[PDB]
Amino acid sequence: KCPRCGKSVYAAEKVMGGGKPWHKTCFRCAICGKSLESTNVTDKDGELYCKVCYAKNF
Ligand SMILES: [Zn+2]
Ligand SMILES: [Zn+2]
């Protein structure tokens, strides 16, 4: 499930952040509001962050 929306996601939009399919829209980081193209995923405490914003913040 997409823990941001609370909505179950499956193979169609299944982009696995934290071992679970998120919405590709929410396969993002909420810092910038940027959706990530399938990859570019970095998990931090259950929250998804862009590899770009990761390099900026961390
Ligand atoms: Zn979502
Ligand atoms: Zn971001």
# chains A, B, ... in the order shown; residues from 1 in each chain; ligands from 1
call {"tool": "residues_around", "arguments": {"residues": "residue A:8", "least_positions_apart": "3", "cutoff": "9 Å", "atoms": "only C-alpha atoms", "output": "compact mmCIF listing (two decimals) with N, CA, C and O atoms, in the first residue's frame"}}
result
# COMPACT_ATOMS: atom_id res chain seq x y z
N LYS A 1 0.83 -1.20 0.00
CA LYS A 1 0.00 0.00 0.00
C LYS A 1 0.87 1.25 0.00
O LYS A 1 1.96 1.24 0.56
N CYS A 2 0.37 2.31 -0.63
CA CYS A 2 0.98 3.62 -0.52
C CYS A 2 0.65 4.20 0.84
O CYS A 2 -0.49 4.59 1.08
N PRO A 3 1.63 4.26 1.76
CA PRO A 3 1.40 4.69 3.14
C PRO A 3 1.10 6.18 3.25
O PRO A 3 0.71 6.68 4.30
N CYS A 5 -1.04 7.81 1.03
CA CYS A 5 -2.45 7.96 0.71
C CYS A 5 -3.29 6.95 1.49
O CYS A 5 -4.49 7.16 1.70
N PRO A 21 4.93 -1.50 -3.04
CA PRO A 21 4.52 -0.64 -4.15
C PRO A 21 3.82 0.63 -3.69
O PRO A 21 2.81 0.59 -3.00
N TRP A 22 4.39 1.76 -4.09
CA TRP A 22 3.78 3.05 -3.87
C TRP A 22 3.13 3.50 -5.16
O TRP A 22 3.32 2.88 -6.20
N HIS A 23 2.35 4.57 -5.11
CA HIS A 23 1.91 5.23 -6.32
C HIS A 23 3.13 5.86 -6.97
O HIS A 23 3.93 6.45 -6.26
call {"tool": "closest_atom_pairs", "arguments": {"of": "chain A", "to": "ligand 1", "cutoff": "12 Å", "atoms": "only C-alpha atoms and all ligand atoms", "output": "JSON lines"}}
result
{"residue": "A:1", "atom": "CA", "partner": "ligand 1", "partner_atom_place_in_ligand_line": "1 (Zn)", "distance": 8.2}
{"residue": "A:2", "atom": "CA", "partner": "ligand 1", "partner_atom_place_in_ligand_line": "1 (Zn)", "distance": 4.9}
{"residue": "A:3", "atom": "CA", "partner": "ligand 1", "partner_atom_place_in_ligand_line": "1 (Zn)", "distance": 7.0}
{"residue": "A:4", "atom": "CA", "partner": "ligand 1", "partner_atom_place_in_ligand_line": "1 (Zn)", "distance": 5.3}
{"residue": "A:5", "atom": "CA", "partner": "ligand 1", "partner_atom_place_in_ligand_line": "1 (Zn)", "distance": 4.4}
{"residue": "A:6", "atom": "CA", "partner": "ligand 1", "partner_atom_place_in_ligand_line": "1 (Zn)", "distance": 7.0}
{"residue": "A:7", "atom": "CA", "partner": "ligand 1", "partner_atom_place_in_ligand_line": "1 (Zn)", "distance": 6.4}
{"residue": "A:8", "atom": "CA", "partner": "ligand 1", "partner_atom_place_in_ligand_line": "1 (Zn)", "distance": 8.6}
{"residue": "A:9", "atom": "CA", "partner": "ligand 1", "partner_atom_place_in_ligand_line": "1 (Zn)", "distance": 8.3}
{"residue": "A:10", "atom": "CA", "partner": "ligand 1", "partner_atom_place_in_ligand_line": "1 (Zn)", "distance": 11.8}
{"residue": "A:13", "atom": "CA", "partner": "ligand 1", "partner_atom_place_in_ligand_line": "1 (Zn)", "distance": 10.0}
{"residue": "A:14", "atom": "CA", "partner": "ligand 1", "partner_atom_place_in_ligand_line": "1 (Zn)", "distance": 11.0}
{"residue": "A:15", "atom": "CA", "partner": "ligand 1", "partner_atom_place_in_ligand_line": "1 (Zn)", "distance": 10.8}
{"residue": "A:17", "atom": "CA", "partner": "ligand 1", "partner_atom_place_in_ligand_line": "1 (Zn)", "distance": 11.5}
{"residue": "A:20", "atom": "CA", "partner": "ligand 1", "partner_atom_place_in_ligand_line": "1 (Zn)", "distance": 11.7}
{"residue": "A:21", "atom": "CA", "partner": "ligand 1", "partner_atom_place_in_ligand_line": "1 (Zn)", "distance": 9.5}
{"residue": "A:22", "atom": "CA", "partner": "ligand 1", "partner_atom_place_in_ligand_line": "1 (Zn)", "distance": 6.1}
{"residue": "A:23", "atom": "CA", "partner": "ligand 1", "partner_atom_place_in_ligand_line": "1 (Zn)", "distance": 4.5}
{"residue": "A:24", "atom": "CA", "partner": "ligand 1", "partner_atom_place_in_ligand_line": "1 (Zn)", "distance": 7.6}
{"residue": "A:25", "atom": "CA", "partner": "ligand 1", "partner_atom_place_in_ligand_line": "1 (Zn)", "distance": 6.4}
{"residue": "A:26", "atom": "CA", "partner": "ligand 1", "partner_atom_place_in_ligand_line": "1 (Zn)", "distance": 4.7}
{"residue": "A:27", "atom": "CA", "partner": "ligand 1", "partner_atom_place_in_ligand_line": "1 (Zn)", "distance": 7.7}
{"residue": "A:28", "atom": "CA", "partner": "ligand 1", "partner_atom_place_in_ligand_line": "1 (Zn)", "distance": 9.5}
{"residue": "A:29", "atom": "CA", "partner": "ligand 1", "partner_atom_place_in_ligand_line": "1 (Zn)", "distance": 11.5}
{"residue": "A:30", "atom": "CA", "partner": "ligand 1", "partner_atom_place_in_ligand_line": "1 (Zn)", "distance": 11.3}
{"residue": "A:35", "atom": "CA", "partner": "ligand 1", "partner_atom_place_in_ligand_line": "1 (Zn)", "distance": 10.8}
{"residue": "A:47", "atom": "CA", "partner": "ligand 1", "partner_atom_place_in_ligand_line": "1 (Zn)", "distance": 12.0}
{"residue": "A:48", "atom": "CA", "partner": "ligand 1", "partner_atom_place_in_ligand_line": "1 (Zn)", "distance": 11.3}
call {"tool": "write_last_selection", "arguments": {"atoms": "N, CA, C and O atoms", "output": "mmCIF file, in the first residue's frame"}}
result
data_model
loop_
_atom_site.group_PDB
_atom_site.id
_atom_site.type_symbol
_atom_site.label_atom_id
_atom_site.label_comp_id
_atom_site.auth_asym_id
_atom_site.auth_seq_id
_atom_site.Cartn_x
_atom_site.Cartn_y
_atom_site.Cartn_z
ATOM 1 N N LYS A 1 0.829 -1.196 0.000
ATOM 2 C CA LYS A 1 0.000 0.000 0.000
ATOM 3 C C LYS A 1 0.866 1.250 0.000
ATOM 4 O O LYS A 1 1.961 1.244 0.558
ATOM 5 N N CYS A 2 0.371 2.310 -0.629
ATOM 6 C CA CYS A 2 0.985 3.624 -0.524
ATOM 7 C C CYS A 2 0.648 4.200 0.842
ATOM 8 O O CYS A 2 -0.495 4.589 1.082
ATOM 9 N N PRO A 3 1.630 4.265 1.756
ATOM 10 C CA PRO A 3 1.399 4.693 3.140
ATOM 11 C C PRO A 3 1.099 6.184 3.246
ATOM 12 O O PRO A 3 0.706 6.678 4.301
ATOM 13 N N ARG A 4 1.279 6.895 2.140
ATOM 14 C CA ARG A 4 1.050 8.330 2.114
ATOM 15 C C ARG A 4 -0.428 8.607 1.895
ATOM 16 O O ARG A 4 -1.002 9.499 2.514
ATOM 17 N N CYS A 5 -1.037 7.814 1.026
ATOM 18 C CA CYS A 5 -2.450 7.961 0.715
ATOM 19 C C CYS A 5 -3.291 6.953 1.488
ATOM 20 O O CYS A 5 -4.488 7.156 1.704
ATOM 21 N N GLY A 6 -2.650 5.867 1.897
ATOM 22 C CA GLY A 6 -3.354 4.781 2.543
ATOM 23 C C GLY A 6 -4.094 3.929 1.533
ATOM 24 O O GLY A 6 -5.126 3.337 1.837
ATOM 25 N N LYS A 7 -3.546 3.857 0.331
ATOM 26 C CA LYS A 7 -4.207 3.180 -0.781
ATOM 27 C C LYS A 7 -3.333 2.058 -1.327
ATOM 28 O O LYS A 7 -2.170 2.272 -1.650
ATOM 29 N N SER A 8 -3.904 0.866 -1.422
ATOM 30 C CA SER A 8 -3.184 -0.302 -1.911
ATOM 31 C C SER A 8 -2.748 -0.124 -3.365
ATOM 32 O O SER A 8 -3.503 0.384 -4.199
ATOM 33 N N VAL A 9 -1.524 -0.544 -3.659
ATOM 34 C CA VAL A 9 -0.972 -0.445 -5.003
ATOM 35 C C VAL A 9 -0.510 -1.820 -5.465
ATOM 36 O O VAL A 9 -0.025 -2.612 -4.660
ATOM 37 N N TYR A 10 -0.673 -2.117 -6.747
ATOM 38 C CA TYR A 10 -0.214 -3.390 -7.277
ATOM 39 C C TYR A 10 0.639 -3.182 -8.526
ATOM 40 O O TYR A 10 0.973 -2.049 -8.859
ATOM 41 N N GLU A 13 1.183 0.048 -10.988
ATOM 42 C CA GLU A 13 1.909 1.226 -10.516
ATOM 43 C C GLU A 13 2.927 0.830 -9.458
ATOM 44 O O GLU A 13 3.428 1.672 -8.722
ATOM 45 N N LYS A 14 3.222 -0.459 -9.397
ATOM 46 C CA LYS A 14 4.066 -1.014 -8.350
ATOM 47 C C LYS A 14 5.517 -0.543 -8.462
ATOM 48 O O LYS A 14 6.341 -1.146 -9.151
ATOM 49 N N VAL A 15 5.801 0.560 -7.790
ATOM 50 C CA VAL A 15 7.161 1.027 -7.577
ATOM 51 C C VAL A 15 7.507 0.834 -6.110
ATOM 52 O O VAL A 15 6.928 1.468 -5.229
ATOM 53 N N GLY A 17 8.982 1.174 -2.870
ATOM 54 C CA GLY A 17 9.734 1.884 -1.865
ATOM 55 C C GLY A 17 9.530 1.245 -0.508
ATOM 56 O O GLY A 17 8.392 1.030 -0.086
ATOM 57 N N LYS A 20 7.528 -2.090 -0.630
ATOM 58 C CA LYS A 20 6.112 -2.078 -0.979
ATOM 59 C C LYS A 20 5.849 -1.126 -2.138
ATOM 60 O O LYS A 20 6.494 -0.090 -2.253
ATOM 61 N N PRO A 21 4.929 -1.498 -3.040
ATOM 62 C CA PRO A 21 4.516 -0.640 -4.153
ATOM 63 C C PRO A 21 3.824 0.634 -3.694
ATOM 64 O O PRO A 21 2.807 0.592 -3.000
ATOM 65 N N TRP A 22 4.392 1.758 -4.085
ATOM 66 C CA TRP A 22 3.776 3.053 -3.866
ATOM 67 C C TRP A 22 3.131 3.504 -5.162
ATOM 68 O O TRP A 22 3.324 2.878 -6.201
ATOM 69 N N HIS A 23 2.351 4.571 -5.106
ATOM 70 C CA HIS A 23 1.911 5.231 -6.325
ATOM 71 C C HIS A 23 3.130 5.863 -6.965
ATOM 72 O O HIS A 23 3.933 6.453 -6.261
ATOM 73 N N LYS A 24 3.291 5.736 -8.280
ATOM 74 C CA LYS A 24 4.428 6.370 -8.951
ATOM 75 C C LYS A 24 4.450 7.874 -8.674
ATOM 76 O O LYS A 24 5.508 8.506 -8.679
ATOM 77 N N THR A 25 3.274 8.435 -8.431
ATOM 78 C CA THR A 25 3.148 9.838 -8.084
ATOM 79 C C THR A 25 3.744 10.117 -6.709
ATOM 80 O O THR A 25 4.316 11.179 -6.473
ATOM 81 N N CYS A 26 3.619 9.143 -5.817
ATOM 82 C CA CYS A 26 4.062 9.285 -4.439
ATOM 83 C C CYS A 26 5.412 8.625 -4.234
ATOM 84 O O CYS A 26 6.020 8.738 -3.169
ATOM 85 N N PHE A 27 5.854 7.909 -5.254
ATOM 86 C CA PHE A 27 7.224 7.459 -5.336
ATOM 87 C C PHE A 27 8.070 8.690 -5.588
ATOM 88 O O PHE A 27 8.537 8.934 -6.694
ATOM 89 N N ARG A 28 8.203 9.477 -4.547
ATOM 90 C CA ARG A 28 8.684 10.835 -4.635
ATOM 91 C C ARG A 28 9.309 11.192 -3.315
ATOM 92 O O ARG A 28 9.316 10.379 -2.394
ATOM 93 N N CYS A 29 9.817 12.394 -3.205
ATOM 94 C CA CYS A 29 10.023 12.944 -1.897
ATOM 95 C C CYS A 29 9.163 14.177 -1.749
ATOM 96 O O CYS A 29 9.022 15.003 -2.683
ATOM 97 N N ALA A 30 8.546 14.243 -0.588
ATOM 98 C CA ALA A 30 7.634 15.309 -0.229
ATOM 99 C C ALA A 30 8.370 16.609 0.084
ATOM 100 O O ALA A 30 7.743 17.620 0.396
ATOM 101 N N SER A 35 8.353 13.462 -8.256
ATOM 102 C CA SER A 35 8.130 12.043 -8.470
ATOM 103 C C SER A 35 9.357 11.405 -9.117
ATOM 104 O O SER A 35 10.034 12.026 -9.945
ATOM 105 N N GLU A 47 9.871 7.045 4.928
ATOM 106 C CA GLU A 47 9.523 8.125 4.025
ATOM 107 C C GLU A 47 10.460 8.105 2.824
ATOM 108 O O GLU A 47 11.671 7.931 2.972
ATOM 109 N N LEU A 48 9.887 8.262 1.641
ATOM 110 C CA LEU A 48 10.637 8.176 0.398
ATOM 111 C C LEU A 48 11.296 9.517 0.091
ATOM 112 O O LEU A 48 10.683 10.572 0.270
#
call {"tool": "closest_atom_pairs", "arguments": {"of": "chain A", "to": "ligand 2", "cutoff": "6 Å", "atoms": "only C-alpha atoms and all ligand atoms", "output": "tab-separated table"}}
result
residue	atom	partner	partner_atom_place_in_ligand_line	distance
A:29	CA	ligand 2	1 (Zn)	4.1
A:31	CA	ligand 2	1 (Zn)	5.1
A:32	CA	ligand 2	1 (Zn)	4.3
A:33	CA	ligand 2	1 (Zn)	5.8
A:34	CA	ligand 2	1 (Zn)	5.0
A:49	CA	ligand 2	1 (Zn)	5.6
A:50	CA	ligand 2	1 (Zn)	4.4
A:53	CA	ligand 2	1 (Zn)	4.7
call {"tool": "atom_distance", "arguments": {"atom1": "atom CA of residue A:58", "atom2": "atom CA of residue A:39"}}
result
18.5 Å
